[PDB]
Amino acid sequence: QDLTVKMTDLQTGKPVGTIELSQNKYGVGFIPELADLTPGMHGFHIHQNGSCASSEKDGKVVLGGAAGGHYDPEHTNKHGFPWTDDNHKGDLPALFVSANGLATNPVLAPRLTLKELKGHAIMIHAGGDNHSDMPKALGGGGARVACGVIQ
């Protein structure tokens, strides 16, 4: 009922820490213990496929692309807040990284259950997340910088 998730830097292939997932009566808590990340807010979402391998897009390599799109069991095909229902159920609150490159601020996803996360990937993006597909799709998260699979 409680699984630690190893996270790997997609560019370097080097481990950057772990993320602990806990079920509580309000949702799933995500407690990071990561390092070597660029300071600031990062797009943070659960993804469809249970893989962190790369994919291919029109001739270019997509790091962590094998994970697929954002977890969306309701097939909303929209990106939004962690507290709104008509958008990817995998949309999590943005993840904060200190000036020292560390991420330790815990975060909650009220619409998720721990059980449904098994076999899915957790992704950390380079850009932020304004919880909209505007001006940039998927909240402007951009490239995927860190990933881990939830066994």
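Residue numbers here begin at 1 and follow the sequence given.
- Stretches 89-97 and 26-34 differ in mean CA B factor, with 26-34 having the higher one.
- With 39-47 and 53-61 compared on mean CA B-factor from the PDB entry, the stretch scoring higher is 53-61.
- Remark: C147 belongs to the middle third of its chain, ranked by C-alpha B-factor as recorded.
- Looking at the C-alpha B-factors along this chain, the one for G128 belongs to the lowest third.
- For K115, the recorded CA B-factor ranks within the highest third of the chain. Only modelled residues enter the ranking.
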